[PDB]
Structures are given as structure tokens and as C-alpha cells.
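Notes to accompany the following structure.
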Amino acid sequence: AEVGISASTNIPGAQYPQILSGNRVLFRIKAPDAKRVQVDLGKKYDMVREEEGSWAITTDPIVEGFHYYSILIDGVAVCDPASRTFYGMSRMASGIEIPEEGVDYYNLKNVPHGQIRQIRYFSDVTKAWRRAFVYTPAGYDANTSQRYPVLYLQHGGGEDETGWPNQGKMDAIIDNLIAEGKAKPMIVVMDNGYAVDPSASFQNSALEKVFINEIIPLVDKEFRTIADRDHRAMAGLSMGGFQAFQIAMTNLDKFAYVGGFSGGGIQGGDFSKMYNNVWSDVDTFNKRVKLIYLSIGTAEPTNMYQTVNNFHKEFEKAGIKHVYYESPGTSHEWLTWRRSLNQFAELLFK
Amino acid sequence: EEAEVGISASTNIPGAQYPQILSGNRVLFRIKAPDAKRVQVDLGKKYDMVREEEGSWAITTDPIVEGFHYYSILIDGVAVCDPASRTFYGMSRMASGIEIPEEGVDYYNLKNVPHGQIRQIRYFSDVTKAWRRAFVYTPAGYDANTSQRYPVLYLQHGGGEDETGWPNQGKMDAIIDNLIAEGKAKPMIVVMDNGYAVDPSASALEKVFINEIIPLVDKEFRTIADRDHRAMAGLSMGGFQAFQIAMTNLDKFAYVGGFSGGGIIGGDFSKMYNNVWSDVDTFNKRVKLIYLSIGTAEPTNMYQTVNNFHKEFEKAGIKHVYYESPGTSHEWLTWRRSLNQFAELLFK
Ligand SMILES: [Cl-]
């Protein structure tokens, strides 16, 4: 087709890319001297030369949600000049948003809004400056005798602490849930899933030390938190989900809620003994933990699906109580993770 | 002749070796692009890289001036972000940037001092009927000192940039944190918004500031909401906007700053901004501070505009501070220096 709507991820003033009927995407770029121009969106497409040095292609229908993508000039993968950038795939990378019909819980609404703030701290573990983003709920500044539970929320491999604020649209998701009475007012802390102890010789003891010895005490000191395990949760996507289980299950005195979004799991050991025998007494474990949540997209790559799905099945066989969610029609991509946060946050602190 | 090694720039993404800053502040770029026909880097000027053995291209630049520089990689003439570097919103797109340090200069670096916070606030504008976003710096101790109220600086970016400019390119939180911690600047709130506003039914930006941003900040934050505790400043375009908005709303502002911008004009300088300073002597008692800055190395047209604005102020007897930033051009180090100076003068 030809008439379309500019993607919401376009830089201001950029009319292309445009989403056509059927969620095909029309890409254009001016590159008169280029030898090859491709777009990598689900798969690689060669653009075709058009008039006055421009190239264009119309993709197959693109599945609804958020997708990283690249323009390739002569095989060199780069950010599209026409789109915003995100930290993903271990660099700055383009992303494109394909709207869902009749879904708007991750969109901005005229409801009371929280705030995402940037906090900087020097880590003694890593001997480096670090940065976290902290969501506070609407009315935080005025309700000075109110305190709040805290969710610690982590990004995936190749991403960083800007992931949930940007790709994850987390402030809209949480703003809307709280405004509709579906989630309790809560603080959300988004840090970086990488940590290097320079003196040291998906498990990372440095990251665990950073969380337990630095981030949690800092957040509990700078914010009006309810600083106990019944009001503290940890969750993450992919790598961050493995980290959430590793850190929470070896520090159950600090957390009663844990979530893995397309992450978590593992001959594979003696499942009975995972995380230093944390659930070797299943009955006691089930009453220590208020929530274990696992999610996966139905369309994820087979080995990713199997890892989380087999984790789910081991919980069933052992009788470990948990919530299990398959996101219909999505893969190892951010819409799976927005859906997961939406469900998980509704379950927290109840 | 032989190859060299250097220090990876602080703007590199984690693990990325290049660019490296060599001795003399020459910069070494090296990129894998085996199937490309031409690879260039645009940093001050364009350089052609030389294809090496395994499809790697490399070039060493001339000495690069200290400070922050936008740059691009060009593959077959297509200007893109360098995959090796972080990105910034500038030149009306996402673009690479590179930082070249100044030895012994660190007022814009992170120090072990009490730190403020930059927070994101959203609001829906009646003028533009679109969701907008501002970044608001609150000084160290803001949450704990609930009885304290604060003066406010409205701080604007340049043409082709956006509200992320001062937090990122500007390193503004380090600059203000450090001034406050050293007792050189009073504790203050800094508001950074977007310098573009379009009325869909069609100044729109002036109404956004006067009717939306300032009332929103005064309601959401513990501000001292009067002109003696409200300032406005900006760089390039943002400096022109600061003068236009503040000079037509002097009831709202007592301090105004233009960093490489501000000099609207062969006419009657005495009549500018609807005769705001026609009576020079009452103007000088109404305004606490006029600040103008420029880099000595800025393009001639840009230097003359600000310098001539300053000289018109001098002829008319209008009190103001004028600073020429030595050796810097129309680039962010000039504006980091300006904010450092300007914030010291505010609310005193
Ligand atoms: Cl991962």
C-alpha cells in the first residue's frame, strides 16, 4: 500500500517509517551512493532503489508490540536516522512500535502520574559510579507520612537501566494500574544488571553484593519505603529474571515476591537442591514466599521457551506454588515483558 | 606510519575499544565494515578512513579540541550513529557524541558530594494538545527538608536538541551538585523543558511556559514563586527564547541568561521587547541579572550577534555580565562553562 501512519518511535518530523494496513511497515532512506541498503526487522529485507537516491521497502506484516531493528548499509548494522534509539543488543539501537488494537494500558492517560527519577551512587564493590532509575507513585511528595513497598525490576542481557523506563513504558503501566485500583501504590527501582568487582578472581556475586549491600540500603534510606521482606519484590526479564531468582532465593530474608519474565530456570542438577537447598522443605518454603511468578511468550525461540517452561514443570512436580503465564502470540520481545509487568504488579503486596 | 594506542573515550559504549584518545588529543577510530565502499568520520571535519587487512577501516584525526563534540560515521556517504558510542539528541536526530577531557578540570564530573536528583515529569498541554515531558533537578536534601522552599531556574536547550540535552550533553547535575556542595551556588530547582511547541489549530511556546510549565512546577514542587526567585536561561535558540519570554514577562523573572544566543535585531535597540528597557534606570533596578556568553572560537556570525548585543547593552548603560569562553566554539563545553558561571550569580 502507500498511505500509512508514522510510527510513534519516529524522531520528531520524520514521516517514515510508516505503518501500513495489515501492520506492514514502509521504510524509506536517502542513500544515493550506497551499494546495499537493508532493514533488519524480524528478518532482513533488501530495500530497492527509487528516485533521486532514495531506497524503500515494505515489510511483511509485523507483529504488534515493540521491536528492535537496524538499518544495514553495505552490511554494517546501524541506528536508523529516522527513529529514536534504545540501549539493546549491547549498543544503541533503533526500535519501532506497532500498536495493538484495543490495548492501551502502556499508553499515557489523564490519570495521576508518578515520577521516574535518576539517582547516582558510587559502588564500593565495583569501584565505579552507578545509576538507577526510581519510580515513585503519584502523590509521593505530598503523602509524607505514607510509606511504600518496593519492586526491584531488572532488564535483560544487552540492555541497561534505561530499559524499563523506555522500551518497557513502565511509568504508564504502573501509573494506570495504580489509578484503576488494580495495583497498590509502590516504588520501583531499575538498576543495571552488570557489575564487575575489579579485585575478584547468569550468576554474579558482585551484582548480588551491589543489590544487598548498596542498592537496597540506599533506596531504604533515600525513599519512604516499607523496608521489610513482605514489602520487597524482585523481578526481571531474561537475564534479569535469572538474576531475580538467584538474588531473591539466596536472600529470602529480604524478599517475599519474585518474578522471572522469559528468564529463570537451569543434567541440570538435582532440582530439589537448587539455590543452596532453599526449597528442600517445600511446605515451609511455600509459606515463606508470597509469590513466585514465571512468564514466557508462546512464540519464543524453542530453547528459551523450554528453559522457562521446564522450570514451571519442575515447580509443579515439586509442588512449589507459583503463577505461570504464557503471553499469547509474542516472542522474546518487550510486549511479552510489558504484559508480564502488568500482571505481576497487580499481584504484589497483597 | 606505525599504529598507536590510547584511552577509550568515556562516551564509548561498555566494552567498545574505539574511539581512543591518543597523545595530543588526536582520536583513533577503527570500524569493521568489510563490504563497504567508503567509510568516513565527521568530527570537526570529514576524514576518510583507510581499509585495513580484515575489512577494518581506521583513521587518526587531527588534534580534537577539549570538550564535547557531536560526530557521525558515514558509510557510503550515509551519516549514522557510530555503533561504538552512546547517542544524544542533537542536529534534530539521535547522533553520536565524543568527550575529550580537560586535565585538572572536573566541575562537571561526579564527585563524592551530596547529590540532587533529575526527575521526569509529564503533563498534557492545552496549547499543543499533546503530552509533554520536562526534567526537573531538585537539589540534595530536597525530600528531607520539607520546610524548605527553593528558587527555580528554567534552562533551555538549543536548536535541534530537546529536553534531554542539559541532563546528558550538559552534565548539568554534576555542575549544579558541585556548585551547591562547594557553597558557590544557592540550593535551587532547575527545570528543563522542550523548546518547540506547535498549536494543532494554527507564541505557542510562550503560553506553554507562562500558562503551563511555571504553574505546574510551582504546584508540584516547593518553590519560592516570585520573580526574585525565578530565572530563565538557554543556549543558542534557547537563549533567544529566554530573552523573548523573560523580557515580555518581567513580572515573572528577575534573572536572564543567553549562552551563545539572545541578540534579536538596523533598528532602535531602545525599543526591543516592547520598550522593556526604554527607561534604562528603572530597568536596571527591576532586573537582578542579565548574562551573555560566547565562545571565542564560534563562527563569526554567531560571535558578532552576541558581542554586538553586549555592546548595545554597554552603550545604553544596561547592567549585564558578559563572558567569552576561551578556545571553545558553538558546542557544549561553552554552555557547561556558562551554566557554571550563571548559576553562581543567581538568587543573590
Ligand atoms: Cl538475556
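All residue names refer to the C-alpha cells as shown: chains lettered A, B, ... in order, residues numbered from 1 in each chain, ligands numbered from 1 in order.
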I want to know what sits within 9 Å of residue 245 of chain B, based on only C-alpha atoms, with residues of the same chain fewer than 6 positions away left out; could you give that as a PDB file with N, CA, C and O atoms, in the first residue's frame?
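Wrote out_11.pdb, looks like this:
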```pdb
ATOM      1  N   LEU B 205       4.973  28.545  22.346  1.00  0.00           N
ATOM      2  CA  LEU B 205       5.915  28.173  23.395  1.00  0.00           C
ATOM      3  C   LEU B 205       5.827  29.115  24.586  1.00  0.00           C
ATOM      4  O   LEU B 205       5.945  28.675  25.734  1.00  0.00           O
ATOM      5  N   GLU B 206       5.608  30.408  24.342  1.00  0.00           N
ATOM      6  CA  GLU B 206       5.468  31.336  25.460  1.00  0.00           C
ATOM      7  C   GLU B 206       4.280  30.975  26.338  1.00  0.00           C
ATOM      8  O   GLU B 206       4.368  31.037  27.569  1.00  0.00           O
ATOM      9  N   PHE B 209       5.053  28.018  28.557  1.00  0.00           N
ATOM     10  CA  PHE B 209       5.839  28.374  29.732  1.00  0.00           C
ATOM     11  C   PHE B 209       5.006  29.128  30.759  1.00  0.00           C
ATOM     12  O   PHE B 209       5.006  28.785  31.946  1.00  0.00           O
ATOM     13  N   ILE B 210       4.287  30.159  30.325  1.00  0.00           N
ATOM     14  CA  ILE B 210       3.604  31.012  31.291  1.00  0.00           C
ATOM     15  C   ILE B 210       2.346  30.342  31.820  1.00  0.00           C
ATOM     16  O   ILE B 210       2.022  30.452  33.011  1.00  0.00           O
ATOM     17  N   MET B 232      15.566  32.482  34.000  1.00  0.00           N
ATOM     18  CA  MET B 232      15.458  31.737  32.749  1.00  0.00           C
ATOM     19  C   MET B 232      16.711  31.934  31.908  1.00  0.00           C
ATOM     20  O   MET B 232      17.206  33.059  31.755  1.00  0.00           O
TER      21      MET B 232
END
```
Residues of chain A within 7 Å of chain B, using only C-alpha atoms, as an MDAnalysis selection string? chainID A and resid 11 31 33:34 73:76 78:79 81 84:85 91:92 115:119
So how far away is atom CA of residue 285 of chain B from atom CA of residue 273 of chain B, in Å?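 According to the coordinates, atom CA of residue 273 of chain B and atom CA of residue 285 of chain B are separated by 17.4 Å.
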I want to know what sits within 10 Å of segment 49-63 of chain B, based on only C-alpha atoms, with residues of the same chain fewer than 5 positions away left out; could you give that as number ranges by chain? B: 3-4, 18-44, 74
For ligand 1, collect every residue having any atom at a distance of at most 12 Å from a ligand atom (counting only C-alpha atoms and all ligand atoms); output as a PyMOL selection string. chain A and resi 88-90+154-160+193-194+202+236-243+260-264+304+332-333
Close residues, residue 239 of chain B itself excluded, 7 Å, only C-alpha atoms, min 2 positions apart in chain, as a list in words: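 Counting only the stated atoms, we get residues 233, 234, 235, 236, 237, 241, 242, 243, 257, 258, 259, 261 and 262 of chain B.
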Preceding selection exported with N, CA, C and O atoms as a PDB file, in the first residue's frame:
```pdb
ATOM      1  N   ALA B 233      17.226  30.836  31.362  1.00  0.00           N
ATOM      2  CA  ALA B 233      18.425  30.894  30.540  1.00  0.00           C
ATOM      3  C   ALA B 233      18.364  29.776  29.514  1.00  0.00           C
ATOM      4  O   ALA B 233      17.640  28.792  29.686  1.00  0.00           O
ATOM      5  N   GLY B 234      19.139  29.935  28.449  1.00  0.00           N
ATOM      6  CA  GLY B 234      19.184  28.928  27.407  1.00  0.00           C
ATOM      7  C   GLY B 234      20.386  29.129  26.517  1.00  0.00           C
ATOM      8  O   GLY B 234      21.020  30.192  26.511  1.00  0.00           O
ATOM      9  N   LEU B 235      20.673  28.101  25.726  1.00  0.00           N
ATOM     10  CA  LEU B 235      21.778  28.147  24.781  1.00  0.00           C
ATOM     11  C   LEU B 235      21.245  28.263  23.361  1.00  0.00           C
ATOM     12  O   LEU B 235      20.236  27.642  23.010  1.00  0.00           O
ATOM     13  N   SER B 236      21.945  29.067  22.557  1.00  0.00           N
ATOM     14  CA  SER B 236      21.637  29.323  21.152  1.00  0.00           C
ATOM     15  C   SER B 236      20.147  29.671  21.070  1.00  0.00           C
ATOM     16  O   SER B 236      19.717  30.618  21.732  1.00  0.00           O
ATOM     17  N   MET B 237      19.359  28.923  20.288  1.00  0.00           N
ATOM     18  CA  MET B 237      17.907  29.127  20.244  1.00  0.00           C
ATOM     19  C   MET B 237      17.292  29.333  21.629  1.00  0.00           C
ATOM     20  O   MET B 237      16.476  30.243  21.838  1.00  0.00           O
ATOM     21  N   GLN B 241      15.068  32.382  23.191  1.00  0.00           N
ATOM     22  CA  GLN B 241      13.776  32.168  23.843  1.00  0.00           C
ATOM     23  C   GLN B 241      13.764  32.714  25.265  1.00  0.00           C
ATOM     24  O   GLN B 241      12.761  33.289  25.707  1.00  0.00           O
ATOM     25  N   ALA B 242      14.872  32.554  25.999  1.00  0.00           N
ATOM     26  CA  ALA B 242      14.933  33.072  27.361  1.00  0.00           C
ATOM     27  C   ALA B 242      14.727  34.583  27.385  1.00  0.00           C
ATOM     28  O   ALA B 242      13.973  35.108  28.212  1.00  0.00           O
ATOM     29  N   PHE B 243      15.405  35.301  26.493  1.00  0.00           N
ATOM     30  CA  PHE B 243      15.228  36.748  26.445  1.00  0.00           C
ATOM     31  C   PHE B 243      13.804  37.109  26.037  1.00  0.00           C
ATOM     32  O   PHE B 243      13.135  37.894  26.719  1.00  0.00           O
ATOM     33  N   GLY B 257      19.558  34.710  31.137  1.00  0.00           N
ATOM     34  CA  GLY B 257      20.849  34.302  30.601  1.00  0.00           C
ATOM     35  C   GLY B 257      20.747  33.828  29.168  1.00  0.00           C
ATOM     36  O   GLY B 257      19.845  33.072  28.814  1.00  0.00           O
ATOM     37  N   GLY B 258      21.695  34.273  28.349  1.00  0.00           N
ATOM     38  CA  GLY B 258      21.814  33.809  26.980  1.00  0.00           C
ATOM     39  C   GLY B 258      23.199  33.269  26.695  1.00  0.00           C
ATOM     40  O   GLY B 258      24.188  34.011  26.738  1.00  0.00           O
ATOM     41  N   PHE B 259      23.297  31.971  26.423  1.00  0.00           N
ATOM     42  CA  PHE B 259      24.583  31.321  26.182  1.00  0.00           C
ATOM     43  C   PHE B 259      24.709  31.109  24.678  1.00  0.00           C
ATOM     44  O   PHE B 259      24.066  30.214  24.121  1.00  0.00           O
ATOM     45  N   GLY B 261      23.494  32.985  22.488  1.00  0.00           N
ATOM     46  CA  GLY B 261      22.253  33.405  21.857  1.00  0.00           C
ATOM     47  C   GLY B 261      21.599  34.518  22.642  1.00  0.00           C
ATOM     48  O   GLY B 261      21.851  34.687  23.839  1.00  0.00           O
ATOM     49  N   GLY B 262      20.751  35.280  21.948  1.00  0.00           N
ATOM     50  CA  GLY B 262      19.972  36.318  22.601  1.00  0.00           C
ATOM     51  C   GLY B 262      19.780  37.630  21.851  1.00  0.00           C
ATOM     52  O   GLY B 262      18.851  38.385  22.162  1.00  0.00           O
TER      53      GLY B 262
END
```
